[PDB]
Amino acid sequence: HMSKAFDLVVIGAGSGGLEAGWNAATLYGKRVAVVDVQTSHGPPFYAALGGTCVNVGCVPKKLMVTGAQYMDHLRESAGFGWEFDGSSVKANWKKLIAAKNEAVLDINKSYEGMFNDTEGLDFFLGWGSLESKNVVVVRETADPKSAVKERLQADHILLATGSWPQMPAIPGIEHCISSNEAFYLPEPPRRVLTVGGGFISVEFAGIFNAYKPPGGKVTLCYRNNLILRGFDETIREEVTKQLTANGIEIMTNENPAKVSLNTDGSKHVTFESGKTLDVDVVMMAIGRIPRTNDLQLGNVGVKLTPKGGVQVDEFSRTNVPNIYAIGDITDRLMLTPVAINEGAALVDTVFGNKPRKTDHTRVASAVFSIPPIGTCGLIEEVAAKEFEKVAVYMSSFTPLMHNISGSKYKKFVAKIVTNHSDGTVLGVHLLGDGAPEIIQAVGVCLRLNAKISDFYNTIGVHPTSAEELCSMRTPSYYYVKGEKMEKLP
């Protein structure tokens, strides 16, 4: 049996790796091999062909949040005249999980067929690692002593293996799960603790809250004072209130110290403070770390950053000339469309004689909390460090429909942050139904260097939430040399 040779070998058939591989083969006629550890979703390795987003990430979690939203819809419908037997309502988690599994598997199968049909784009099943500057080895397991399935000669090598959940080293950590296992729970937990203040903890808190059996309770804990670091602070505070209003208990300034099993098999959590909580599931969502351990990067000398991700320049190049890295493995912005963009730019540069680097600024993104967040660009306290004068335009109100629905706690927040010296829009931050859909074209605006006057001159679409972005002409307040104040001096 002989080794096979390629222009490009991609380790990791995920969001970025598949974009790079497909573009290299179909746009530029190169011979490409792509390596992944599993052909469809789930245990044992969870991620698989298609990547983390497709298998245990954006795609299934969005379907599950959509399912969770129906708890709100069913209740809110009564204000509009809908009547039905409320005591008959049940949330069948097994049906949700089965429908999600079938959708993800359909995507898996379609990716499998792309490889069969596409000239110069081949898929190899196994664990990829670096043997030398121009040889990728594919083994049966992540153990470098496991059997060799293939050796792939490569002129160019792309590392795109993504990330993995981080688990804290506390006694009893073996009684806990991550988001990977959450996607496959046989039954919805009656009592669950989600640990972490980031988007995965918050999103799963919403999902469990809707599907919990009778008498259930969802608790989210976070070790610092206010969840969702990195997002607009008004929105951080409001999401906390609206989660609380829908029955989720938020424990800030708390952190698990150990976990043990009660005699009935439930989990007994003791926090560093000495508080205790009995739950049926502990889901850790305290961060994700780049997946570099299994690549054997020492064999070729690829440098990692202090944080632990592959060091890259603006063109995704490592310190080894023909070896590149994109996506979560670079430990920067961990978003699927950023990995895809980096992959396309890399391939245009290397094989297309059209150099291009990814712009990591002004990236629009969302949190599918209930209600959701959409954001693009800088938060005001960051802007205040860079610009002498910052203006903040802010509208916050319960929309009229939620005065009828009964969910009066659902305040919509729209904020625009500007460089007041010239009006340029530095960031836009939204909380409320539709926010992830509204924010997409906002990203186009910011890439075109829109000013606040460009928004205000635009005629609103009425009645919408989005029109609030086009009706703000006077700052709510300012930052002058870093200092917050209602008026300029």
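Start at 1 and count along the sequence shown; that's the residue number. Between two forms, the rigid core is the largest collection of C-alphas that superpose within 1.5 Å.
Asks: Between 256 to 264 and 139 to 147, which one strays more from this form in 8 other deposited structures of this protein if you match the rigid core and compare Cα atoms?
Replies: Taking the RMS over all superposed structures in 8 other deposited structures of this protein, 256 to 264 lies farther out.
Asks: If you line up the core and then measure how far each C-alpha sits from this form in 8 other deposited structures of this protein, which stretch comes out higher, 265 to 273 or 388 to 396?
Replies: So, of the two stretches, the farther one in 8 other deposited structures of this protein is 265 to 273.
Asks: When the C-alpha temperature factors are averaged for each of 267 to 275 and 123 to 131, which stretch ends up with the higher value in the entry?
Replies: That would be 267 to 275.
Asks: Determine, for stretches 93 to 101 and 302 to 310, which one has the higher mean CA B-factor as deposited.
Replies: The stretch with the larger average C-alpha B-factor is 302 to 310.
Asks: Given 26, 458, 55, 440, identify the residue with the highest C-alpha B factor in the PDB entry.
Replies: Across 26, 458, 55, 440, the entry lists the biggest C-alpha B-factor for 26.
Asks: From 220, 210, 284, 401, pick the one with the largest CA B-factor in the entry?
Replies: Top of the list by C-alpha B-factor: 401.
Asks: What third of its chain's C-alpha B-factors does residue 144 belong to: lowest, middle or highest?
Replies: Its C-alpha B-factor, which the entry lists for residue 144, ranks in the middle third among residues of this chain.
Asks: Test of reading the entry: by CA B factor among the chain's modelled residues, which third contains residue 10?
Replies: For residue 10, the deposited C-alpha B-factor lands in the lowest third.
Asks: Compared with the other modelled residues in the chain, in which third is the CA B-factor of residue 200?
Replies: According to the entry, residue 200 has a C-alpha B-factor in the chain's lowest third.
Asks: Taking the chain's C-alpha temperature factors as the reference, tell me which third residue 447 falls into: lowest, middle or highest.
Replies: Highest third - that is where residue 447 ends up once the chain's C-alpha B-factors are sorted.
Asks: For residue 293, return the chain-relative third of its C-alpha B-factor as stated in the PDB record: lowest, middle or highest.
Replies: For residue 293, whose C-alpha B-factor we compare with every modelled residue in the chain, the answer is the highest third.
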